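Report on the structure given below.
Derivation of every value follows stated rules applied to the coordinates shown; laboratory data play no part. Ideal geometry is used to build each Cβ from the backbone, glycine not excepted, and the neighbour counts take in all protein chains shown.
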RNA sequence: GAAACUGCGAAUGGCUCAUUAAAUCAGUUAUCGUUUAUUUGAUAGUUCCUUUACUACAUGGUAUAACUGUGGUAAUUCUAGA
RNA sequence: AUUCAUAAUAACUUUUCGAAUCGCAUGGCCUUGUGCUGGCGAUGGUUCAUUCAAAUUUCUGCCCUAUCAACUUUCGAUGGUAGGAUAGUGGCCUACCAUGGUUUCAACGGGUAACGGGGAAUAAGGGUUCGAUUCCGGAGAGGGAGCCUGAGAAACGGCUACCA
RNA sequence: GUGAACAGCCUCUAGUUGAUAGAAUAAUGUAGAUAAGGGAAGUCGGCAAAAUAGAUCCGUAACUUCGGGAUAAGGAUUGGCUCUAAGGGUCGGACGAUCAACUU
RNA sequence: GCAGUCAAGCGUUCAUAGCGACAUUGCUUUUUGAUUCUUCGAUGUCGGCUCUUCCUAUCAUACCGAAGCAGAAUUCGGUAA
RNA sequence: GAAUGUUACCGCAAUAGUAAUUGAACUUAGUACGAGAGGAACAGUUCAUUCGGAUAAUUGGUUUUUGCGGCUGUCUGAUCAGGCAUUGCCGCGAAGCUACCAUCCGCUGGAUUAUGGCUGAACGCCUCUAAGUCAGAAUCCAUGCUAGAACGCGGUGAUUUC
RNA sequence: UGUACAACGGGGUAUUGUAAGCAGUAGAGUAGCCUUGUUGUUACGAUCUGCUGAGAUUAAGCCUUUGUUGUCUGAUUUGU
Ligand SMILES: [Mg+2]
Ligand SMILES: [Mg+2]
Ligand SMILES: [Mg+2]
Ligand SMILES: [Mg+2]
Ligand SMILES: [Mg+2]
Ligand SMILES: [Mg+2]
Ligand SMILES: [Mg+2]
Ligand SMILES: [Mg+2]
Ligand SMILES: [Mg+2]
Ligand SMILES: [Mg+2]
Ligand SMILES: [Mg+2]
Ligand SMILES: [Mg+2]
Ligand SMILES: [Mg+2]
Ligand SMILES: [Mg+2]
Ligand SMILES: [Mg+2]
Ligand SMILES: [Mg+2]
Ligand SMILES: [Mg+2]
Ligand SMILES: [Mg+2]
Ligand SMILES: [Mg+2]
Ligand SMILES: [Mg+2]
Ligand SMILES: [Mg+2]
């Protein structure tokens, strides 16, 4: 199967392809959230720890934490939940969903790195990726800089440069509260 | 090869053992032997048959090892760039201690104090014009 | 100003005449027998606490979409992990 | 016409509401703190009234039929008490108790190629026949049931199950 | 005792324990049981077997000599325990005392 | 009951691929008759059930030769029980 | 099972018996053939039918395991625990037996028949036949399989003091 | 006279489904008696819970065995 690995310290991610039943099999009967020590899966990932988070079987149905089961089942789903985005106020749909227990019926495992191993993984540890948007509400700026209700925000807000060609500009949020 | 479990007794079923019933709906049932099979047919309730996993669970028989198993952990690490912020801008920014902040600060804080009262007199300006600005 | 959140609407309209014979329906009554978004008019000095070494009010908490990125399925307004 | 409106006492409450919201203006006033004040109006908010509704409900009125005469209490039929449930009255439902309720002034059952009304056609008058169908009311969304959302739906260009 | 019972089953009194015996447990028998799935395809023919069955409450067609048919058919129920209520007698003037049953 | 010989005819034409009249030679003994040898001081009827074996005049199956055998299907025939 | 000195172990094989059967699907192929309509087979593959010989992991049947439990009626003063009810009745039930109701296994060489042919006279031609000869069937004979002649046999061990 | 054999015992394997005994502010309740109930007690009560996947059975054609105990020359024939 294909592994979907995220390094959420850097905000990085890359996919990996494992053929070899014995290399995979380490993931079997493991549930969502279980940790998995790395070396078993490869020599690259030696030491690395993975917390499983979800992923898809063939036919593409998403896993859903909490089901248990290594099979698929059809559930009534509601507002505020995984694997369902409601079309209408108070709409519920009965939908197929995959169990949270890993089997070889999965096209893709979704892992999140919890501990770094002894060696670097290129697109993941080597590369590092900027947090798209900065604090907008007053006291969140105060916190992301540690400030006191003294320091005055305005000159602490983020300032994003972007060019008109020969006119390079500067846009900041609009503080709230 | 899989070990199924007896759906009346919770017993381990190894390949070849017992039987598999397929009900009208399509609920599949597996029995490990003809005892569980029979008790199922008599419409017995596993929860009241004492040798079953189900009864044993419902009566807190056993466990003890589970009320003993507790703890374990390990966690964390460090820092990644943000695009328009290399780890270096992030070191440089973070590092600089209060007295440069106050410095920087009270400079700008005086610097545009000038701009404010300047624009203000600018108002009265386009207004002693606009309470004039004749023929 | 897209997307998305939030709010409101989708219980109106339109269509048909299958059921239905004290039912519906009509004229006439009743709520001193109740629910009522909205519209319109009014309507809120009291909230803390063994009650001097105070309690963010110059204003307290995180979690999420969209998004970024990694993915699954022959296939849907399917959606998962980060 | 009330145990009405309203109020008073004692308590009760996984405590309802009592604005941590938005837009325009920027002005007064000193003990000069960016002090304390302050214009127009938006969206909210509790309770009452109003309006748009709704739900039940009184009195009278329906086509053919006796080759339908007794009907109603399996498994509420008619009433009493108490409760539960409902937005709320009520056998609506449940307990207990009673033996009631309708009928030749046609009950009950059957039929209807029956939705009801405003109306239509036929012109001496009295009638006779018709009304699926431009307005009002009702019912339904292939057939049944169930329910989420919500002020309001037992909704179908909503979901859920079963049947076709 | 159970129960409707002089039934069946178990008991007391009384009476028996007598009808060659030992060791095995092949076939085939005689007598007694049971069988997955199917359900009379077996057979002259359901022969033989099997299925039903007591009681309480519900319900019950054609036809008929109006008596029947009828336990038609078809259904629910049934243990143990702990309670509730109702159903008599006798004697002293609407009660009062005393005695005694089981059944619903 | 079964099989031949002749070959007039059938078979568009062509006797004999497949058939075959008039006649004619046979074979069989699960038909039915004819007989009355055995058994009337006894040989227990019909059908079925069950089970074994034998015959071949072969329905299927193996390999072949014919055809009015293109293919498919058939039909005639051989060695075959 | 007596008798061939005794007793034992390992063997031979005369004779007799003998067994396998039939179908389909995939592929060949929408091919050969055919105007079309239609429409094969050999090799290779997977299954099945009828038969046979075993076997009991599994599943199922059987139950005096009277093995455990439950139940009615009575009897042992009660309890405990038991008797009787022709095995009292019910649920489960090991083992054994056992079922196309379960699973496994069922061999490969030759020689021939019909027939088609080779060479080839008789008959200087011709001819599968006369001499000689090739190929050839669910046939036959062997391989294999079962008994083993109690008057068929081989090889081998030990052969008596009380 | 043994790496023997047997009877028991032990362990394993099975079957059934939780023994007896004790205990319980478990139990629909009813009925007595009292100091009349911040848990009143006494009698009776199917059943329920705990000790308890307990107890019983397990070769009779199951497997095993460092234990205990016992056994170990009776009869008859046979020769080239
Ligand atoms: Mg805001
Ligand atoms: Mg704000
Ligand atoms: Mg919205
Ligand atoms: Mg949260
Ligand atoms: Mg000002
Ligand atoms: Mg408002
Ligand atoms: Mg009432
Ligand atoms: Mg009410
Ligand atoms: Mg009555
Ligand atoms: Mg009456
Ligand atoms: Mg009338
Ligand atoms: Mg109609
Ligand atoms: Mg109308
Ligand atoms: Mg009408
Ligand atoms: Mg109509
Ligand atoms: Mg109305
Ligand atoms: Mg339609
Ligand atoms: Mg609906
Ligand atoms: Mg539509
Ligand atoms: Mg609609
Ligand atoms: Mg229907």
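Worth pointing out:
- Verdict on residue B:73 being in a loop (DSSP other than H, G, I, E, B), within 12 Å of chain A (Cβ to nearest Cβ) and within 16 Å of RNA strand C (Cβ to nearest atom): no
- Selection status of residue B:109, surrounded by 10 or more Cβ atoms within 10 Å (Cβ to Cβ), within 16 Å of RNA strand D (Cβ to nearest atom) and within 30 Å of residue A:133 (Cα to Cα): yes
- Qualifying residue in region B:20-31 (condition: surrounded by 12 or more Cβ atoms within 10 Å (Cβ to Cβ) and part of a loop (DSSP other than H, G, I, E, B)): no
- Filtering region A:109-118 to residues that are within 14 Å of another protein chain (Cβ to nearest Cβ) and closer than 15 Å to residue A:26 by Cβ leaves only A:117.
- Residues of region A:62-97 classified as in contact with a helix residue (DSSP H, G or I) (Cβ under 9 Å, 6 or more places away or on another chain) and surrounded by 15 or more Cβ atoms within 10 Å (Cβ to Cβ), total: 1
- When we screen A:121, A:68, A:106, A:147 for residues that are more than 16 Å from RNA strand D (Cβ to nearest atom), within 14 Å of another protein chain (Cβ to nearest Cβ) and under 17 Å from residue A:55 (Cβ atoms), the only hit is A:68.
- Leading residue by the ranking (farthest from the chain's Cα centre (by Cα)) among those in region A:132-162 that are within 29 Å of residue B:75 (Cβ to Cβ) and surrounded by fewer than 12 Cβ atoms within 10 Å (Cβ to Cβ): A:146
- In the set (1) in contact (Cβ under 8 Å) with a residue 24 or more places away in the chain; (2) not in a loop (DSSP other than H, G, I, E, B), the condition left unmet by residue A:68 is number (2).
- Any chance residue B:85 is assigned to a loop (DSSP other than H, G, I, E, B) and surrounded by fewer than 10 Cβ atoms within 10 Å (Cβ to Cβ): no
- The set of residues in region A:150-177 that are within 11 Å of another protein chain (Cβ to nearest Cβ), more than 14 Å from residue B:84 (Cα to Cα) and more than 16 Å from RNA strand D (Cβ to nearest atom) contains only A:156.
- Residue A:129 falls short on exactly one of the conditions (1) more than 30 Å from residue B:2 (Cβ to Cβ); (2) in contact with a helix residue (DSSP H, G or I) (Cβ under 9 Å, 6 or more places away or on another chain); (3) surrounded by 13 or more Cβ atoms within 10 Å (Cβ to Cβ), and that condition is (2).
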